[PDB]
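Coordinates as given in start-v8.cif (mmCIF, C-alpha atoms and all ligand atoms):
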data_start
#
loop_
_atom_site.group_PDB
_atom_site.id
_atom_site.type_symbol
_atom_site.label_atom_id
_atom_site.label_comp_id
_atom_site.auth_asym_id
_atom_site.auth_seq_id
_atom_site.Cartn_x
_atom_site.Cartn_y
_atom_site.Cartn_z
ATOM 1 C CA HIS B 3 -6.556 5.449 13.309
ATOM 2 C CA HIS B 4 -9.029 3.148 15.306
ATOM 3 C CA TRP B 5 -10.780 0.079 13.719
ATOM 4 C CA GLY B 6 -14.097 0.505 11.834
ATOM 5 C CA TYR B 7 -15.856 -0.445 8.536
ATOM 6 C CA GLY B 8 -14.302 2.157 6.126
ATOM 7 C CA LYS B 9 -11.832 1.502 3.211
ATOM 8 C CA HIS B 10 -8.885 2.410 5.505
ATOM 9 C CA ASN B 11 -9.875 0.695 8.821
ATOM 10 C CA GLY B 12 -12.311 -2.098 7.816
ATOM 11 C CA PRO B 13 -12.219 -5.868 8.428
ATOM 12 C CA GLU B 14 -9.248 -6.434 5.955
ATOM 13 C CA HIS B 15 -7.079 -4.185 8.277
ATOM 14 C CA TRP B 16 -8.097 -5.615 11.686
ATOM 15 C CA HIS B 17 -5.405 -8.364 11.854
ATOM 16 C CA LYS B 18 -2.604 -5.689 12.203
ATOM 17 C CA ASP B 19 -3.914 -4.654 15.711
ATOM 18 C CA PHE B 20 -5.768 -8.015 16.410
ATOM 19 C CA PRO B 21 -3.729 -10.928 14.911
ATOM 20 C CA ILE B 22 -6.481 -13.334 16.172
ATOM 21 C CA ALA B 23 -8.512 -12.028 13.147
ATOM 22 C CA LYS B 24 -6.704 -14.871 11.222
ATOM 23 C CA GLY B 25 -7.319 -17.443 14.021
ATOM 24 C CA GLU B 26 -8.850 -20.957 13.911
ATOM 25 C CA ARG B 27 -12.438 -20.126 15.171
ATOM 26 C CA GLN B 28 -13.381 -16.685 13.729
ATOM 27 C CA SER B 29 -16.943 -15.449 13.090
ATOM 28 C CA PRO B 30 -19.083 -14.940 11.154
ATOM 29 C CA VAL B 31 -19.207 -17.954 8.764
ATOM 30 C CA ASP B 32 -21.264 -19.099 5.786
ATOM 31 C CA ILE B 33 -23.831 -21.733 6.927
ATOM 32 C CA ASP B 34 -23.935 -24.420 4.176
ATOM 33 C CA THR B 35 -27.409 -25.961 4.789
ATOM 34 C CA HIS B 36 -26.426 -29.178 2.820
ATOM 35 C CA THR B 37 -23.275 -29.755 5.063
ATOM 36 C CA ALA B 38 -24.767 -28.767 8.508
ATOM 37 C CA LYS B 39 -25.672 -32.103 10.209
ATOM 38 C CA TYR B 40 -28.802 -32.688 12.352
ATOM 39 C CA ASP B 41 -27.576 -33.439 15.936
ATOM 40 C CA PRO B 42 -30.327 -35.317 17.864
ATOM 41 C CA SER B 43 -28.376 -34.877 21.168
ATOM 42 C CA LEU B 44 -28.985 -31.053 20.948
ATOM 43 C CA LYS B 45 -31.644 -30.081 23.576
ATOM 44 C CA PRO B 46 -34.272 -27.392 22.891
ATOM 45 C CA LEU B 47 -33.086 -23.841 23.478
ATOM 46 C CA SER B 48 -34.435 -22.123 26.634
ATOM 47 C CA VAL B 49 -34.861 -18.324 26.182
ATOM 48 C CA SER B 50 -36.153 -16.872 29.528
ATOM 49 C CA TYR B 51 -36.581 -13.069 28.982
ATOM 50 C CA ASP B 52 -39.869 -12.580 31.050
ATOM 51 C CA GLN B 53 -37.926 -10.690 33.866
ATOM 52 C CA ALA B 54 -35.477 -8.866 31.450
ATOM 53 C CA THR B 55 -34.591 -5.295 32.643
ATOM 54 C CA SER B 56 -33.308 -2.996 29.772
ATOM 55 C CA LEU B 57 -31.580 0.224 31.065
ATOM 56 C CA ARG B 58 -30.013 2.177 28.208
ATOM 57 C CA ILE B 59 -29.358 2.516 24.461
ATOM 58 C CA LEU B 60 -25.828 3.635 23.384
ATOM 59 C CA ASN B 61 -24.348 4.664 19.989
ATOM 60 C CA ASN B 62 -20.779 3.317 20.412
ATOM 61 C CA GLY B 63 -19.609 4.555 16.932
ATOM 62 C CA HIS B 64 -19.876 0.962 15.465
ATOM 63 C CA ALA B 65 -23.513 0.028 16.270
ATOM 64 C CA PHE B 66 -26.149 0.747 18.968
ATOM 65 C CA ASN B 67 -26.234 -1.416 22.125
ATOM 66 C CA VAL B 68 -29.423 -1.903 24.128
ATOM 67 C CA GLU B 69 -27.946 -2.712 27.597
ATOM 68 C CA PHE B 70 -29.671 -4.821 30.322
ATOM 69 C CA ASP B 71 -29.231 -5.201 34.090
ATOM 70 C CA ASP B 72 -27.047 -8.420 34.258
ATOM 71 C CA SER B 73 -26.140 -7.912 38.024
ATOM 72 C CA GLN B 74 -28.582 -10.873 38.778
ATOM 73 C CA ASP B 75 -29.941 -13.902 36.711
ATOM 74 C CA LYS B 76 -33.126 -12.292 35.191
ATOM 75 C CA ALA B 77 -32.869 -12.694 31.372
ATOM 76 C CA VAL B 78 -31.004 -15.954 30.593
ATOM 77 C CA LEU B 79 -30.225 -18.383 27.795
ATOM 78 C CA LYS B 80 -29.890 -22.101 28.684
ATOM 79 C CA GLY B 81 -30.232 -25.427 26.888
ATOM 80 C CA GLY B 82 -29.532 -26.113 23.223
ATOM 81 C CA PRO B 83 -25.761 -26.771 23.059
ATOM 82 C CA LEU B 84 -25.034 -24.760 26.248
ATOM 83 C CA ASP B 85 -23.874 -26.043 29.653
ATOM 84 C CA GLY B 86 -25.244 -23.879 32.480
ATOM 85 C CA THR B 87 -26.708 -20.376 32.546
ATOM 86 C CA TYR B 88 -25.876 -17.444 30.263
ATOM 87 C CA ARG B 89 -27.043 -13.918 31.309
ATOM 88 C CA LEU B 90 -28.242 -11.383 28.700
ATOM 89 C CA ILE B 91 -26.055 -8.199 28.787
ATOM 90 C CA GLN B 92 -26.889 -6.375 25.487
ATOM 91 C CA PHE B 93 -28.266 -6.699 22.001
ATOM 92 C CA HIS B 94 -27.171 -4.888 18.830
ATOM 93 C CA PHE B 95 -27.614 -5.212 15.057
ATOM 94 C CA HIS B 96 -25.439 -5.286 11.935
ATOM 95 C CA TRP B 97 -26.963 -3.820 8.750
ATOM 96 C CA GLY B 98 -26.324 -2.730 5.200
ATOM 97 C CA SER B 99 -26.570 0.322 2.899
ATOM 98 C CA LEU B 100 -29.190 -1.664 0.878
ATOM 99 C CA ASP B 101 -31.446 -4.698 1.654
ATOM 100 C CA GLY B 102 -29.199 -7.167 -0.376
ATOM 101 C CA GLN B 103 -26.448 -7.028 2.352
ATOM 102 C CA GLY B 104 -25.975 -6.433 6.082
ATOM 103 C CA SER B 105 -25.988 -9.829 7.842
ATOM 104 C CA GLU B 106 -22.696 -11.245 9.159
ATOM 105 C CA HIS B 107 -23.581 -14.935 8.917
ATOM 106 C CA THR B 108 -24.800 -16.132 5.503
ATOM 107 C CA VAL B 109 -27.025 -19.088 4.557
ATOM 108 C CA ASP B 110 -25.842 -20.878 1.391
ATOM 109 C CA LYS B 111 -24.062 -17.529 0.598
ATOM 110 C CA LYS B 112 -27.384 -15.531 0.987
ATOM 111 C CA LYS B 113 -26.901 -12.172 2.799
ATOM 112 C CA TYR B 114 -29.915 -10.848 4.828
ATOM 113 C CA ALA B 115 -30.703 -7.110 5.237
ATOM 114 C CA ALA B 116 -29.488 -7.266 8.871
ATOM 115 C CA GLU B 117 -28.581 -9.462 11.857
ATOM 116 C CA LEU B 118 -29.558 -9.144 15.533
ATOM 117 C CA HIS B 119 -27.077 -10.391 18.141
ATOM 118 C CA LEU B 120 -28.325 -11.042 21.679
ATOM 119 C CA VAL B 121 -25.156 -11.333 23.774
ATOM 120 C CA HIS B 122 -25.036 -13.483 26.907
ATOM 121 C CA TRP B 123 -22.193 -14.419 29.328
ATOM 122 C CA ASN B 124 -21.560 -17.698 31.255
ATOM 123 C CA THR B 125 -22.347 -16.904 34.958
ATOM 124 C CA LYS B 127 -19.777 -19.627 36.184
ATOM 125 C CA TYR B 128 -17.063 -16.988 35.296
ATOM 126 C CA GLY B 129 -18.647 -14.331 37.657
ATOM 127 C CA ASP B 130 -18.290 -11.320 35.273
ATOM 128 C CA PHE B 131 -18.385 -10.575 31.520
ATOM 129 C CA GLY B 132 -14.695 -9.505 31.457
ATOM 130 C CA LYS B 133 -13.634 -12.931 32.875
ATOM 131 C CA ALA B 134 -16.102 -14.798 30.602
ATOM 132 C CA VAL B 135 -14.570 -13.371 27.305
ATOM 133 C CA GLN B 136 -11.171 -15.025 28.274
ATOM 134 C CA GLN B 137 -12.813 -18.522 28.180
ATOM 135 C CA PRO B 138 -13.668 -20.702 25.159
ATOM 136 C CA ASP B 139 -17.247 -21.125 26.544
ATOM 137 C CA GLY B 140 -17.488 -17.547 27.949
ATOM 138 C CA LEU B 141 -20.244 -16.157 25.675
ATOM 139 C CA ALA B 142 -23.430 -17.364 23.912
ATOM 140 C CA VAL B 143 -24.671 -15.146 21.069
ATOM 141 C CA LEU B 144 -28.181 -15.660 19.714
ATOM 142 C CA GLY B 145 -28.119 -14.644 16.025
ATOM 143 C CA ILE B 146 -31.393 -13.680 14.227
ATOM 144 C CA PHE B 147 -31.595 -12.672 10.531
ATOM 145 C CA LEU B 148 -33.668 -9.632 9.414
ATOM 146 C CA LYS B 149 -35.420 -9.516 6.007
ATOM 147 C CA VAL B 150 -37.424 -6.565 4.658
ATOM 148 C CA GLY B 151 -41.210 -7.015 4.423
ATOM 149 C CA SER B 152 -43.858 -6.441 7.149
ATOM 150 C CA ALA B 153 -42.947 -4.174 10.122
ATOM 151 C CA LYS B 154 -41.885 -5.826 13.402
ATOM 152 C CA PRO B 155 -44.069 -4.230 16.124
ATOM 153 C CA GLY B 156 -41.545 -5.217 18.836
ATOM 154 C CA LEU B 157 -38.717 -3.293 17.042
ATOM 155 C CA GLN B 158 -40.634 0.045 16.719
ATOM 156 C CA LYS B 159 -39.664 1.300 20.264
ATOM 157 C CA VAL B 160 -35.940 0.804 19.261
ATOM 158 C CA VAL B 161 -36.550 2.562 15.828
ATOM 159 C CA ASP B 162 -38.222 5.591 17.525
ATOM 160 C CA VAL B 163 -35.341 6.361 19.995
ATOM 161 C CA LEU B 164 -32.563 6.353 17.328
ATOM 162 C CA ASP B 165 -33.162 10.073 16.516
ATOM 163 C CA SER B 166 -31.873 10.773 20.071
ATOM 164 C CA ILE B 167 -28.539 8.778 19.775
ATOM 165 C CA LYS B 168 -27.521 9.819 16.200
ATOM 166 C CA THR B 169 -23.773 10.234 16.912
ATOM 167 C CA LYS B 170 -20.983 8.260 18.694
ATOM 168 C CA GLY B 171 -21.037 8.507 22.535
ATOM 169 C CA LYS B 172 -24.787 9.496 22.722
ATOM 170 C CA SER B 173 -27.033 7.356 24.961
ATOM 171 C CA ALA B 174 -30.681 7.468 26.099
ATOM 172 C CA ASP B 175 -32.734 5.937 28.938
ATOM 173 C CA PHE B 176 -34.217 2.667 27.514
ATOM 174 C CA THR B 177 -36.214 0.977 30.322
ATOM 175 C CA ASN B 178 -38.955 -1.678 30.096
ATOM 176 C CA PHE B 179 -38.026 -2.888 26.559
ATOM 177 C CA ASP B 180 -39.085 -6.575 26.095
ATOM 178 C CA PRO B 181 -36.658 -8.435 23.783
ATOM 179 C CA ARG B 182 -39.203 -11.340 23.404
ATOM 180 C CA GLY B 183 -40.694 -8.944 20.796
ATOM 181 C CA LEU B 184 -37.667 -9.528 18.548
ATOM 182 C CA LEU B 185 -37.894 -13.379 18.309
ATOM 183 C CA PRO B 186 -39.303 -15.389 15.383
ATOM 184 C CA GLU B 187 -41.997 -18.094 15.948
ATOM 185 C CA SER B 188 -39.494 -21.030 15.741
ATOM 186 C CA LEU B 189 -36.273 -21.482 17.870
ATOM 187 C CA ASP B 190 -34.821 -23.953 15.259
ATOM 188 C CA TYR B 191 -31.087 -23.145 15.041
ATOM 189 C CA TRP B 192 -27.568 -23.837 13.747
ATOM 190 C CA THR B 193 -24.688 -23.907 16.272
ATOM 191 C CA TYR B 194 -20.874 -23.713 16.002
ATOM 192 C CA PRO B 195 -17.910 -22.474 18.123
ATOM 193 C CA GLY B 196 -16.608 -19.049 17.043
ATOM 194 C CA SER B 197 -15.652 -15.504 18.030
ATOM 195 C CA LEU B 198 -16.755 -11.921 18.603
ATOM 196 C CA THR B 199 -17.240 -10.367 15.089
ATOM 197 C CA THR B 200 -15.633 -7.025 16.114
ATOM 198 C CA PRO B 201 -12.242 -6.343 17.740
ATOM 199 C CA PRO B 202 -11.006 -7.731 19.984
ATOM 200 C CA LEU B 203 -12.360 -10.765 17.964
ATOM 201 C CA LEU B 204 -11.968 -13.059 21.028
ATOM 202 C CA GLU B 205 -12.638 -16.837 20.448
ATOM 203 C CA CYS B 206 -15.122 -17.141 23.370
ATOM 204 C CA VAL B 207 -18.520 -17.558 21.598
ATOM 205 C CA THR B 208 -20.954 -20.431 21.162
ATOM 206 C CA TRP B 209 -22.942 -19.214 18.164
ATOM 207 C CA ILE B 210 -26.686 -20.014 18.067
ATOM 208 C CA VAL B 211 -28.112 -18.806 14.715
ATOM 209 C CA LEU B 212 -31.907 -19.062 14.279
ATOM 210 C CA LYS B 213 -33.113 -20.579 10.928
ATOM 211 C CA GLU B 214 -36.259 -18.337 10.783
ATOM 212 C CA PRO B 215 -35.629 -14.668 9.994
ATOM 213 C CA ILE B 216 -37.839 -11.854 11.435
ATOM 214 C CA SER B 217 -39.541 -9.401 8.953
ATOM 215 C CA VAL B 218 -38.875 -5.653 9.511
ATOM 216 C CA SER B 219 -40.232 -2.808 7.267
ATOM 217 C CA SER B 220 -38.209 -0.741 4.713
ATOM 218 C CA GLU B 221 -39.083 2.262 6.967
ATOM 219 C CA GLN B 222 -37.651 0.433 10.055
ATOM 220 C CA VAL B 223 -34.230 -0.397 8.396
ATOM 221 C CA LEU B 224 -34.074 3.116 6.736
ATOM 222 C CA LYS B 225 -34.050 4.612 10.315
ATOM 223 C CA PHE B 226 -31.045 2.296 11.299
ATOM 224 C CA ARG B 227 -29.259 3.775 8.167
ATOM 225 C CA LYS B 228 -29.774 7.428 9.398
ATOM 226 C CA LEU B 229 -27.465 6.786 12.403
ATOM 227 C CA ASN B 230 -23.865 8.178 12.262
ATOM 228 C CA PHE B 231 -20.519 6.446 12.971
ATOM 229 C CA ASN B 232 -19.091 9.958 13.739
ATOM 230 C CA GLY B 233 -19.360 12.039 16.921
ATOM 231 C CA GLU B 234 -21.385 15.284 17.165
ATOM 232 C CA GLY B 235 -20.202 18.156 14.860
ATOM 233 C CA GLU B 236 -17.792 15.943 12.831
ATOM 234 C CA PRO B 237 -18.299 15.183 9.096
ATOM 235 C CA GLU B 238 -21.350 12.886 8.641
ATOM 236 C CA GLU B 239 -20.561 9.214 7.958
ATOM 237 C CA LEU B 240 -23.792 7.251 7.768
ATOM 238 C CA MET B 241 -23.798 4.127 10.018
ATOM 239 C CA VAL B 242 -24.234 1.482 7.236
ATOM 240 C CA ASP B 243 -22.461 -1.826 6.273
ATOM 241 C CA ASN B 244 -21.285 -2.373 9.906
ATOM 242 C CA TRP B 245 -20.880 -6.160 9.161
ATOM 243 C CA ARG B 246 -17.781 -8.376 9.009
ATOM 244 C CA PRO B 247 -17.824 -10.831 6.073
ATOM 245 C CA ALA B 248 -17.810 -14.637 6.361
ATOM 246 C CA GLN B 249 -14.484 -16.125 7.679
ATOM 247 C CA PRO B 250 -12.934 -19.547 6.944
ATOM 248 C CA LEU B 251 -14.735 -22.416 8.722
ATOM 249 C CA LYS B 252 -11.435 -24.402 9.173
ATOM 250 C CA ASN B 253 -11.724 -27.466 11.519
ATOM 251 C CA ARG B 254 -15.326 -26.695 12.605
ATOM 252 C CA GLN B 255 -18.760 -28.413 12.191
ATOM 253 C CA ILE B 256 -22.049 -26.510 12.113
ATOM 254 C CA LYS B 257 -24.770 -28.612 13.874
ATOM 255 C CA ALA B 258 -28.509 -28.178 13.133
ATOM 256 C CA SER B 259 -31.144 -28.504 15.957
ATOM 257 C CA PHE B 260 -33.713 -29.642 13.284
ATOM 258 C CA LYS B 261 -34.085 -32.462 10.627
HETATM 259 O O1 LIG B 301 -20.778 -6.299 20.788
HETATM 260 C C1 LIG B 301 -19.938 -6.867 20.090
HETATM 261 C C2 LIG B 301 -20.151 -7.052 18.591
HETATM 262 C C3 LIG B 301 -20.222 -8.491 18.189
HETATM 263 N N1 LIG B 301 -19.380 -9.478 18.589
HETATM 264 N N2 LIG B 301 -19.898 -10.633 18.103
HETATM 265 N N3 LIG B 301 -20.991 -10.401 17.438
HETATM 266 N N4 LIG B 301 -21.195 -9.061 17.486
HETATM 267 N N5 LIG B 301 -18.803 -7.354 20.585
HETATM 268 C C4 LIG B 301 -18.379 -7.183 21.980
HETATM 269 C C5 LIG B 301 -17.226 -6.125 22.118
HETATM 270 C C6 LIG B 301 -16.370 -6.216 23.365
HETATM 271 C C7 LIG B 301 -15.765 -7.421 23.719
HETATM 272 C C8 LIG B 301 -14.975 -7.515 24.858
HETATM 273 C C9 LIG B 301 -14.780 -6.414 25.658
HETATM 274 C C10 LIG B 301 -15.374 -5.208 25.320
HETATM 275 C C11 LIG B 301 -16.164 -5.110 24.180
HETATM 276 ZN ZN ZN B 302 -22.747 -8.422 16.617
#
This structure in structure tokens:
Amino acid sequence: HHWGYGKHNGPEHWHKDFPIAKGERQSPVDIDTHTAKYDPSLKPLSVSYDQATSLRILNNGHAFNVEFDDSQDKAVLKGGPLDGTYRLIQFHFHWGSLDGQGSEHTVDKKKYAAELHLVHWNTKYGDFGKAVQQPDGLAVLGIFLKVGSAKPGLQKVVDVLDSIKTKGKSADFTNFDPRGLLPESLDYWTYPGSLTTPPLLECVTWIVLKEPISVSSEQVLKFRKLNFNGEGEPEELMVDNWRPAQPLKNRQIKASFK
């Protein structure tokens, strides 16, 4: 009886094994655009992915992780609200059964078809496992997906998914360039929060981009053909792998833009 997104093991259940699920800085949240204040002290975000080395794509039974070589400072996130250097370790998505839902964060209660999380760890903690025990351990770059035109830079991810259908399957995924997943603008909202899956650790500076990327119906349909289950178990389609918005509590969302 492990955690997941079903009726019996979904986000409403998680607090029994992970009491921090009801903590003071949980993610995701609704971003109220009329309450988020412009902060002129916020520096521009620095996304340096030119030397990023992708290695592998993994179905972990909850999502798929594209994993990077984080053994040196190649692909890093700096600037914006961050102190120091955060190393890219993996990206994954959250998505829905239909285009009207799937994002974790919401904008004035609007749900997007999906949400990309680029996960980075603070190098002053030496390793990812140490970093998740610190309030400033992780920086997650959040990007909304809407359905329209295809994203060229996503198609290499879409075409490998046939080969990692079921939990525990992985495939070689070298030379993927995550710069292909960004929008034009790096305008963002920022707030302190958590991982959005167990163990729901309160270690994340959230950086959520204002501009969504467009992906095609055909691109998101191929995300929805993945399986939560392992090989030769009953098919459960990998859909609605999103946690809903959590109480903001004593937190301010800052905007990088006027
Ligand atoms: O990838 C995600 C999903 C997610 N969290 N926040 N947004 N998405 N979480 C990390 C899961 C994890 C944390 C610590 C140790 C082992 C594994
Ligand atoms: Zn995520």
Query - Near-segment 80-85 of chain B list (6 Å; all atoms listed in the file; drop same-chain fewer than 3 positions) as a PyMOL selection string - result: chain B and resi 44-48
List as a tab-separated table every residue of chain B that is in contact with ligand LIG 301 (chain B), defined as an atom at most 6 Å from one of its atoms (using only C-alpha atoms and all ligand atoms), together with the nearest atom pair and the distance in Å rounded to one decimal, sorted by chain and then rising number.
residue	atom	partner	partner_atom	distance
B:198	CA	B:LIG301	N2	3.4
B:199	CA	B:LIG301	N2	4.0
B:200	CA	B:LIG301	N1	5.1
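Taking only C-alpha atoms and all ligand atoms into account, the protein and nucleic acid residues that come at most 7 Å from ligand ZN 302 (chain B) are residues 94, 95, 96, 118, 119 and 199 of chain B.
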Report task. Kindly give the distance, in Å, that separates atom CA of residue 246 of chain B and atom CA of residue 15 of chain B, rounded to a single decimal. Result -> 11.5 Å
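The protein and nucleic acid residues lying at most 7 Å from residue 197 of chain B are residues 27, 28, 29, 199, 203, 204, 205, 206 and 207 of chain B, with all atoms listed in the file considered and sequence neighbours fewer than 2 positions away removed.
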Report task. Check what the PyMOL selection byres (((chain B and resi 92) around 6) and not hetatm) selects in the file above and give those residues as a list in words. Result ->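 Applied to this file, the PyMOL selection byres (((chain B and resi 92) around 6) and not hetatm) selects residues 68, 69, 70, 91, 93 and 121 of chain B.
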Query raised in the report: Using all atoms listed in the file, which residue out of B:212, B:143, B:65, B:223 lies closest to residue 7 of chain B?
Result: B:65
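Minimum atom-to-atom distance to residue 17 of chain B, evaluated using all atoms listed in the file, belongs to B:5 out of B:5, B:243, B:235, B:146.
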Report task. Step by step, work through what the PyMOL selection byres (((chain B and resi 132-139) around 9) and not hetatm) selects in the shown file, and finish by giving those residues as an MDAnalysis selection string. Result -> chainID B and resid 84:85 123:125 127:131 140:142 195:196 204:208
Requested in this report: Please write the residues picked by the PyMOL selection byres (((chain B and resi 78) around 6) and not hetatm) on this file as a PyMOL selection string.
Outcome: chain B and resi 50+77+79+88-90
Query raised in the report: Pick from B:154, B:39, B:261, B:18: nearest to residue 194 of chain B, with all atoms listed in the file counted?
Result: B:39
Query - Minimum-distance residue to residue 41 of chain B, chosen among B:180, B:165, B:71, B:190 (using all atoms listed in the file) - result: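 Among B:180, B:165, B:71, B:190, it is B:190 that comes nearest to residue 41 of chain B.
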Query raised in the report: Could you pull the residues within 12 Å of residue 37 of chain B, counting all atoms listed in the file, minus those fewer than 2 positions along the same chain, as a PyMOL selection string?
Result: chain B and resi 32-35+39-40+109-110+192+251+254-258
